[PDB]
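Structural overview
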Amino acid sequence: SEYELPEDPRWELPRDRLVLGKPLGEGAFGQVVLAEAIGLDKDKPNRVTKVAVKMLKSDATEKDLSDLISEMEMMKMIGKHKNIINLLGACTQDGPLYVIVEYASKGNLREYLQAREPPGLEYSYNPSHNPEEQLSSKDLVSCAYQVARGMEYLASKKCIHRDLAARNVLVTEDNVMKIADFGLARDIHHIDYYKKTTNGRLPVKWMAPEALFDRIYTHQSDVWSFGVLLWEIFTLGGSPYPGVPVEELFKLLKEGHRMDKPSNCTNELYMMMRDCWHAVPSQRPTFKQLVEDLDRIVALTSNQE
C-alpha cells in the first residue's frame, strides 16, 4: 500500500527468467497464471520448472496488493512442507508483483472431488460407470489425513490459516494434498490469539463460533474449519449447511445447530466432525491429535478385517 517494497535476494528471481503461460483462474482478489521458471535450481540454471504465478488485475485494489504481499511474506516463515504449496520465488523489483509457488496439476479439492465418481457401490448400476476412476473410502480418508498433516505443521509454526476450505486445497499430479491460498493467514508468535475486525473477509460457513461472534482466532478455530472441510470431502464438494442462508446461520449456531452425517460417511468419521465443532474451542481436538486419530482410521480403512 503506497510504500517501498524491500529486496529479498533469497527469493528474488530475474524477471527475464519467468516465461508466463496461460491463466489458471481469476478472482476479485487476483489472477493466477501458469508459467515456467528458468534455473530455480542453482546447481543447474538450465533446468526448467513448471510453476504457478499469483498476480493482481488492472482493476486490483489496495487490499488486493496487501494480500498478495502478505501471502508472500507469510509463506517465507511457514517454511516448506509436503502438504502445503511452497513458495519458489518472486519478482518484486521494477514491475508487477509476481508470487511464484508450486504447481498443482489437478486443481482444488472441491473441483477435483465433484469431477470424479462417489465411493458408493450403487453408482455401478448407472449406465456410465468408470470403476478404474472412482473414488474410494481410502481415498477420501487419505485426503483428510494429508490436510490434517498439513495443518499440524502450520500450527507448530504458530501460524493460523483463517480460511481453511476445500477451495484452498490443491491436488498435484500425484494426488498429493497441498494447503494453499494463504494471505489472510496470520502469525501467532508472541500472542495468545488473533483479533479479527468487526466484519472479516472469511466465509461464515467455515468460521468458528468464537471467531464469528467474538472476533477471536486460534489454532482451535482452524480445527473447526477442518471439521467443515471433512464434511465437504465426504459430500464430494458439498456446500456447508445445505439450504440455510448465511443470515439465518448466526442464530442456529447459538442454539447449537450442527450439520448431519453425510451419506457414505462412517460414524467413526462423523464423531470427529462433531468433535471439531465443539462449542468450547479448548474442548475441540488438536491438529496433533487429529493426525493421530486420522492415521489410525487410515490404517483400519486400509485393513477392514
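Residues numbered from 1 in each chain as written, not as in the entry; some residues may be left out. Heavy atoms only, no water.

Method-wise, the PDB entry is recorded as coming from X-ray crystallography, at a reported resolution of 3.2 Å.

The name that the PDB entry assigns to the protein chain is Basic fibroblast growth factor receptor 1, with the source organism given as Homo sapiens.

**What to know about the layout of surface pockets**
The method is simple in principle: a probe with the dimensions of a water molecule rolls over the atoms, and the space it marks as empty is what remains. For the record, the criterion: Cavity and pocket criteria rest on a 1 Å grid covering protein atoms alone: a 1.4 Å probe that fits but cannot get out defines a cavity, protein on both sides within 12 Å along at least 5 of 7 lines defines an open pocket, and an atom within 4 Å of a point defines a lining residue. Grid points are joined across faces, edges and corners, and a volume is the space filled by probe spheres set on the points. Amino acid classes used here: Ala, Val, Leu, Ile, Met, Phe, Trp, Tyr, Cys and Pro are nonpolar; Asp, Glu, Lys and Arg are charged; the rest, including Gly, are polar. Note that domain bounds follow an automatic or database assignment of domains. Where helices and strands are cited, they refer to DSSP runs of H or I of at least four residues and of E of at least two residues respectively, numbered from the N terminus.
Looking at the largest pocket, its volume works out to about 1,100 Å³. Taken together, 39 residues form the lining of the largest pocket, with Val32, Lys54, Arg167, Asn168 and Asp181 sitting closest to its centre. Within the lining of the largest pocket, the residues separate by chemical class into 18 nonpolar, nine polar and 12 charged. Counting only domains with at least three residues in the lining of the largest pocket, you end up with domain 1 (5-103) and domain 2 (104-299). In this structure, the second largest pocket occupies an estimated 340 Å³ of space. Around the second largest pocket sit 15 residues that line it, and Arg10, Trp11, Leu40, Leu88 and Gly89 are the ones nearest its centre. Elements with a minimum of two residues in the lining of the second largest pocket: α1 (62-78) and β4 (87-91). Among the elements that make up the lining of the second largest pocket, the one with the highest residue count is β4 (three residues). Grouping the amino acids of the lining of the second largest pocket by side-chain chemistry returns seven nonpolar, three polar and five charged.

**Side note on the nonpolar core**
Counted only if it meets this: Put simply, a nonpolar core is a bunch of buried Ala, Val, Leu, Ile, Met, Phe, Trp, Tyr and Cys residues held in one set by side-chain atoms that sit within 4.5 Å of each other. Think of it in three bands: residues with accessible area under 20% of the maximum for their type are buried, residues over 50% are exposed, and the middle band is partly exposed, with areas taken using a 1.4 Å probe on protein chains only. The contact rule is simple, with two residues in contact once any of their heavy atoms fall within 4.5 Å.
With 76 residues, the main nonpolar core has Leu109, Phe226 and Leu294 as its most contacted residues. The element best represented in this core is helix α3 (residues 137-156), accounting for 10 residues. Split by domain, the residues of this core number at least three in each of domain 1 (5-103) and domain 2 (104-299). Among all residues touching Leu109, those that are not within four sequence positions of it are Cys143, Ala166, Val169, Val171, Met177, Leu229 and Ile233. One finds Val33, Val51, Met55 and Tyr98 within the second-largest nonpolar core, a separate group that totals 11 residues.

**Digging into the pattern of salt bridges**
Working definition: two side chains of opposite charge can pair if their charged atoms are close together. This is how the line gets drawn: Every case where a carboxyl oxygen of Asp or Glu lies within 4 Å of a side-chain nitrogen of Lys or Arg is listed as a salt bridge.
Applying the stated criterion to the full structure yields 16 salt bridges. Here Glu71 makes a salt bridge to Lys54, at a shortest N to O gap of 2.8 Å. Note that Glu71 is positioned in helix α1 and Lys54 in strand β3 (residues 48-55), a separation of 17 residues in sequence. Here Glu71 matches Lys54 in class, with each residue buried. Across the pair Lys251 and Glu255 runs a salt bridge whose closest N-O atoms are separated by 2.7 Å. Given the relative accessible area of 49%, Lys251 is considered partly exposed. In this structure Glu255 comes out as exposed when scored by relative accessible area, which is 55%. Within this structure, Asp8, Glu73 and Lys76 form a network of salt bridges that share partners.

**Here we look at unusual backbone geometry**
Its identity is not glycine, yet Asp181 carries a phi of approximately 65 degrees, on the positive side. Of note, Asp181 is situated in the loop between β8 (177-179) and β9 (186-187). For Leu236, which is not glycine, the phi dihedral falls at a positive 55 degrees. Within the fold, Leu236 resides in the loop between α5 (219-233) and α6 (246-254). Residue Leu236 is classed as buried on the basis of its relative accessible area of 13%.

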